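These notes concern the structure reproduced below.
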Amino acid sequence: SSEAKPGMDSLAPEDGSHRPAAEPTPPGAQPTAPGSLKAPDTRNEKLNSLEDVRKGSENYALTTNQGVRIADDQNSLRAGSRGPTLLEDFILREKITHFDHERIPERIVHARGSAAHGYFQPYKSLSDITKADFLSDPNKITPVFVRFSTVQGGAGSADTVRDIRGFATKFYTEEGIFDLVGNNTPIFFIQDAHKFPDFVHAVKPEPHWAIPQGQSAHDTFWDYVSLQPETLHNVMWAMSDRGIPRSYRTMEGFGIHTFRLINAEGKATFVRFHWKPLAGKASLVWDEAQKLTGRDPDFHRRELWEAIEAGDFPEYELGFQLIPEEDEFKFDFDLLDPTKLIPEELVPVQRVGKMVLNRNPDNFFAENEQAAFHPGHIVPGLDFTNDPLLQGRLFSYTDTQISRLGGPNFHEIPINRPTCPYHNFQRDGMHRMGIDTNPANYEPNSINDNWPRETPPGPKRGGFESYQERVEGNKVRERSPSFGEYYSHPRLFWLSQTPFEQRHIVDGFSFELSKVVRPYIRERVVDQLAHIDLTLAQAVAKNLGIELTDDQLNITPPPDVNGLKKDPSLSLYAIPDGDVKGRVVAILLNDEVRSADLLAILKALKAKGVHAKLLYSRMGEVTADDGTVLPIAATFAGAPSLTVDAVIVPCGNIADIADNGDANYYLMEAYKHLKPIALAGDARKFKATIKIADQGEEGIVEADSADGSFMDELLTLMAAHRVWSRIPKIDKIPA
Amino acid sequence: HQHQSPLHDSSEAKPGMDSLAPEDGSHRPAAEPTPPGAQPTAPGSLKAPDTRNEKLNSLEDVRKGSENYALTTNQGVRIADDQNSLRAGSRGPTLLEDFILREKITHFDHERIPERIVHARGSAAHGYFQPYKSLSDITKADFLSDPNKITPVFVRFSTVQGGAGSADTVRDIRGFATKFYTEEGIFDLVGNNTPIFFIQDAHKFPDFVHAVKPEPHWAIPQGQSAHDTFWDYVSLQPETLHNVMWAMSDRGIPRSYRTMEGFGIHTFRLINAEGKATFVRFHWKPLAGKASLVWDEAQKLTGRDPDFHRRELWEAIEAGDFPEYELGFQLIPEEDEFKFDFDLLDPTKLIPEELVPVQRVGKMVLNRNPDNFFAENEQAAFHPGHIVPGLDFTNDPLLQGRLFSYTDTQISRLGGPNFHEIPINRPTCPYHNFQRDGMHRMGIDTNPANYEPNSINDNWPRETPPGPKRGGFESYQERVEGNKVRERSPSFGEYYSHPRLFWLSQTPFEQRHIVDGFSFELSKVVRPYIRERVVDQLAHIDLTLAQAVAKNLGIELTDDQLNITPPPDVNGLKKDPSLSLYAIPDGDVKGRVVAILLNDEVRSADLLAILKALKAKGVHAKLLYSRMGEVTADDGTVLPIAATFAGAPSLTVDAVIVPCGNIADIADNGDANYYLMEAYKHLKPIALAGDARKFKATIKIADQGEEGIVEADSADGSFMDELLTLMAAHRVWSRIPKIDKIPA
Ligand code: HEM
Ligand code: HEM
């Protein structure tokens, strides 16, 4: 009955094993913790400015929100032991009221997201092309807050779904907040913002039954796509492995729209923003990603948090595609068309700076959930263009943030606050934090000598002025004829893919269309694919039991994009960029592990910054051949192959795990998913479960012992991400 | 056959796209009962327009059509071009004067409302309740007074922990909330799928919820109790152990909302016309029986189909396989309040059916899906404080706090005090009072008076004295004697006897599943001392349970732990078979689904016999192959393919049938072999006809065969009776010792 009474006092273990070490530790070594407790020495101007709202807990009394000390937090106030609860229990009512009101509306789109703190630093001054203060000095450090997201799913949906990913960066500049709100693909599905609710309604769960969550694999999405060919380009990206990234650290970022850079002389240069991952480009395979939404719906959120806790800081290079004003009409596509990409072969990405994400938040709700990004948040030195999708976004973000964040003072929520000064004549509104002392709440005023005052535009610390673009035309609701091309960009993307990426696009479309109940929708989508590429259209049609007509086989292919048939920068894997730091290997233990193998495996993995998870049939410990006590991180079922990048089976008492269904399935799944597998000594007997002949094959590392050559072979395979050459062999594998 | 898109050019970016439906009318689902996957799913009023009740009929004034109507703004202005924003030139800036764009985007920008604090993930349906006989001797509740009185209902089933976008087949408690639209007011029976709750006093609700929910630093994990904070709370609060035992069992992973029980948990009161109070505990007994998934299948199913339960509920209703539940009452006279070892007011305690039987009171049928999920499901507001004359509360300290919570949360979730004016929430009976204003006030009051007592409207609306029928609400005059204290009743201070009773009531396979539930969850707890503290709690329940969990965690029990005296029996009972899902057979095959693995030259005689036998028992089938489209049988019969082997995995079916034909076509297909291996591992019945018996090799079954694997030269009478008998028993429990060697 002591559990139902005040107080329980000290409940922590005497050994202090409840507390995680405040130092970089590998994933699973320590319990995860709020950022300021895990890495207190990791700081920047924004993190430091948040100290005034940080609340501790240690050695403090439990109180009401009014500061009244609570004596009993286990019971309601009642008339007797077994009596009715009394209306006068203000402690119960305050505690329950706050609980009852915890939830706020989720984001209309990108509701599912994971965020981190970091910093940006430019390589050199960009004063020749932009007067933006954050890009003016190589020694200028700009704090950032980045949120990565899916699009369709709710805040409680799964991470490894097939979707476009959001990549939003809040720059806390000395001249205002700049939000770069992008996606992991260089194009969007639609051309004009007016269609945004139509497209979103089509991709989102269907209105009658609210199915499916985090999936475009349903009738309404494909109905919209079939009737709106402008969507075909982004659909091609979503159907590719781009739609299933391995991690937020292994995907690209793009602003999509052409914006303008404005220099001190007033010269405008067209710009498209890019984020290039230091970890390279890497994606999952469909079966692995779908099953991973089951085994770990928080996979990406977890991987992001744990990489930062390990010191494997996600790093991205900021890049600009720069086009002079006089080159506006030099391309086959309209620069203002967000369904069109600018090929890197035509306009190269100029590396401008680097962003490092080095600290997790303290409280997910207060920092991540309440963060408000808006592409309308630009600074002097930047400007918009007439892109009709960007134009509409400018209205949307401010409007949605009012209801989501409960009013017009959302900029006063700590995460959203600028670190630079902010002063104006705006007043009141729900939850007003700032107390204005200004005698005047209007301008022009004489009572406060007209302060705060306007600042003229200038080279630095000047007021914002829009680029004086010449506008000529009649007031029309009309799409520009220049935007009326829908097939060349999807064709360019398709031909830029490797044959194995092309197979994955075919399988992506085939799987999704098989989930469409109305067959005519499938047929209409296949007809659209025939206007892109006949090989793609035939391969999808075959998987759907659809036969193409003679007329469909005679469809003239769309033209090249300014002479380009393909661009290898559009492929995830064509150009190698694979880094092993931060990757994870499963190590399948047995009851009498050969310690020499394990010592060599771990030493080689550590040298490359590759993590390991020791797996067994149960938790606790196992004892090696030399007496070394090995702690078990998880079971074979607990941390499936889906969650790792490679599998290593060291030697020892193999008979212990040879007939274990879970051990054999672990290898079969990793095999099917094209993951590198390494087998030492008697572990080579597992080749039988994966149908591999005695002579072996590429992608299966094997030797008498785990040593120098063995580990170099496995790490080289890990640098290539997956064993693509294994694809013809997986179809026979029951996994 | 060969439908071509009507749009390939710039007409796609212009007004006047006009008729886009296929000429064959294949876009429209049949407005008649159809099996799952046969037709596209549709809003309820379009799928079943002839299915009606008093509540569904009352919603007609707010139903909005679409066919043959002009596209307009919310102000009724006809829109000419819904493809473009207004701009100064075709490549110019968007103009602030585009009121059409701004209205369309504003509405979109404001679509989301806060999800429910708990039970955010849920699926709902319309139906009706009807009592078997008048219960006037025990209650004056109008809805229970006449066997011919039909009460419309709205039911929402849910999980607890996860967000609105979380998965269905998680390990969690399930919510089972029923809104009764009675002639004397709305009565909400807001229950769960277990007879007890985790905690005793409502004051602890935010502590327990915060512990089970995603951890505050990183918001992980979703839809899972398999994390440090949950097990930390459980280890320090033994009152949680009873509901933990239920969550760790297969009760925590139901097969369908149709195959779970429902309970009000709290002891309430029934009040008759003479003023006599009878203590009552509410029960919902599923007509489809009790059935649950196995952990590996449930977890993988959150991946393959996170909408599995929502889908199964909608499709069963569209097929005419209406979810049916018997309302049951455990009745205890006032003088029997202290007759049990446990306190009746203790929500961590169940009333064993062996001590107090469940009396069948009526039946509830769910026969129509909503039209709009947001408007009807998302906006529905259930509250256990919504009682009617003939019902009353008790001093249960968890129920007492719930009375405050629901009204309070509904104000912010539903944007004000007029949430009862939201169509789904409206009573079908009259409602009149002196309450006024508030955000989005729909009702226009004509009463000259907004107060009482008043002479200006001759005191109308007026108070009604309590009585046998159509009387005012009066609380039972319960005697209250005690000092103002924040104190738990000593009678609630017992935490181990109910978890032990539950444990001993389980079959050995159910016990193995409880052990595996605890082992799997605790393996996910990072801090080892938490695992050890939970194992220590299990040792106070049952030593066999604690030892089995400890072994799976590499934990060794101390001599002191092995010497822990077991808790006492519950009023002489060591076990109650009503606590098991499977001890007493109750399995029905209607509404179950079978995967049929096709080949390129299927033996039509086998398929004709399979489908005829399945149809006779109301069992659905899904024809699967390596691709979509069609396959041609041996006699020339064209067979339509419902899904691929990967498209509709074995996780989504109750049994697998492989007919004969060209077996070589699928014999070396990895997906076809894995389908059978997964169904095998998951203890599902498997039937193999003719050359399909060659698949026994992939499931490591000897030539002589085994129980659970139906095999014959052809699919016929005996073959199908054997498979349907296996389906009636739900899973092949005898297969458990063989599954561990299976790589699946
Ligand atoms: C280039 C095309 C687009 C891109 C790259 C894009 C990207 C994003 C991203 C990354 C977020 C989430 C930021 C966060 O982490 O909180 C988001 C939020 C959102 N976007 Fe966009 N978006 C696009 C187009 C649109 C359009 C056309 C509209 C409407 C006219 C729109 C309306 C919204 C809204 C309302 C939100 C939720 C904002 C909030 O609640 O704070 N987006 N978008
Ligand atoms: C016997 C124990 C309990 C049971 C069976 C129970 C059951 C449920 C169910 C089924 C719902 C979802 C109704 C729906 O589908 O909308 C729910 C909602 C909720 N419950 Fe309870 N509950 C219990 C205890 C509590 C306690 C102790 C509190 C707070 C003191 C509480 C607060 C809530 C809240 C705030 C909601 C959301 C209601 C809304 O937003 O409409 N519940 N509960």
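Here is how names work: the chains are called A, B, and so on, in the same order as the sequence lines, proteins then strands, and each is numbered from 1. When a ligand or atom number is given, it counts from 1 through the structure's own listing order.
Polar contact check, A:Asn183 against ligand 1: no nitrogen or oxygen pair lies under 3.5 Å apart.
When B:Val209, B:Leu189, B:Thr409 are checked for heavy-atom proximity to atom 38 (C) of ligand 2, B:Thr409 turns out nearest. The option with the heavy atom closest to atom 35 (C) of ligand 1, from among B:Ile105, A:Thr169, A:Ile108, is A:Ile108. Proximity annotation for atom 31 (C) of ligand 2: of B:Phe154, B:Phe176, B:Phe205, B:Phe205 comes nearest, heavy atoms only.
Taking a cut-off of under 4.0 Å to the non-hydrogen atoms of B:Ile265, the atoms of ligand 2 that pass are 1 (C), 5 (C). Every atom of ligand 1 with a heavy atom of A:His257 under 4.0 Å away is listed here by number and element: 1 (C). The distance from ligand 2 to the heavy atoms of B:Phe197 drops below 4.0 Å at these ligand atoms: 2 (C).
The protein heavy-atom contact nearest to atom 14 (C) of ligand 2 is B:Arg156 NH1, 3.4 Å. Among all protein heavy atoms, the one lying closest to atom 13 (C) of ligand 1 is A:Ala168 CB, 3.8 Å. With respect to atom 39 (C) of ligand 1, the closest heavy atom belonging to the protein is A:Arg404 NE, 3.4 Å. The closest protein non-hydrogen atom to atom 16 (O) of ligand 2 is B:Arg116 NE, 2.7 Å.
Taking the side chain as every heavy atom from C-beta outward, A:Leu304 and A:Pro314 approach each other to under 4.5 Å. Counting heavy atoms from C-beta outward, A:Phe333 and A:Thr339 have side chains that stay 4.5 Å or more apart. A 4.5 Å side-chain heavy-atom check between B:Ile186 and B:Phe154 finds every atom pair outside the cut-off. Two residues are said to be in side-chain contact when any heavy atoms from C-beta on lie closer than 4.5 Å; B:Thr106 and A:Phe395 meet this criterion. Side-chain atoms of B:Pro254 and B:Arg174, non-hydrogen and from C-beta on, do get closer than 4.5 Å to each other.
Residue B:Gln83 is tested with A:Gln191, A:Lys195, A:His194 for a side chain to side chain donor-acceptor pair (under 3.5 Å); the sole match is A:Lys195. Each of B:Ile105, B:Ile100, B:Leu95, B:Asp98 was scored for a side chain to side chain contact (heavy atoms under 4.5 Å, CB included) with B:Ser85, with one residue passing: B:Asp98.
Distance check: B:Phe108 CZ to A:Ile108 CD1 gives 4.0 Å after rounding to the nearest 0.5 Å.
Only the side chain of B:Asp109 comes within 4.0 Å of ligand 1, counting heavy atoms alone; its backbone N, CA, C and O stay farther away. With a 4.0 Å cut-off on non-hydrogen atoms, B:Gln410 touches ligand 2 through its side chain and not its backbone.
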* Might you work through the ring-ring contact (aromatic ring centres under 6.0 Å, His included) test for B:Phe176 and B:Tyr325, ending with a clear yes or no? => CA-CA 11 Å; B:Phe176 191 153; B:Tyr325 308 89; 4.8 Å; yes
* To do: With ring-ring contact (aromatic ring centres under 6.0 Å, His included) as the test, would you mind laying out the steps for A:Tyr397 and A:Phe373 before giving the verdict?
  => CA-CA 8 Å; A:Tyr397 296 76; A:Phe373 300 85; 9.5 Å; no
* **Intermediate values then yes/no, salt bridge (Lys or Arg N to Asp or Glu O under 4.0 Å), B:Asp82 and B:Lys104** => CA-CA 10 Å; B:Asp82 193 44; B:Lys104 190 181 173 184; 3.0 Å; yes
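Heavy atoms only, all atoms of each residue included: B:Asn193 and B:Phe263 are closest at O-CE1, 3.4 Å.
Shown here are the protein N/O/S atoms lying under 2.8 Å from atom 21 (Fe) of ligand 2, water excluded: B:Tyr406 OH.
Judged by distance alone, the side chains of B:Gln410 and B:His420 never bring a donor and an acceptor atom under 3.5 Å apart.
For the ligand labelled ligand 1, residue A:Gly182 lies inside the 4.0 Å heavy-atom shell.
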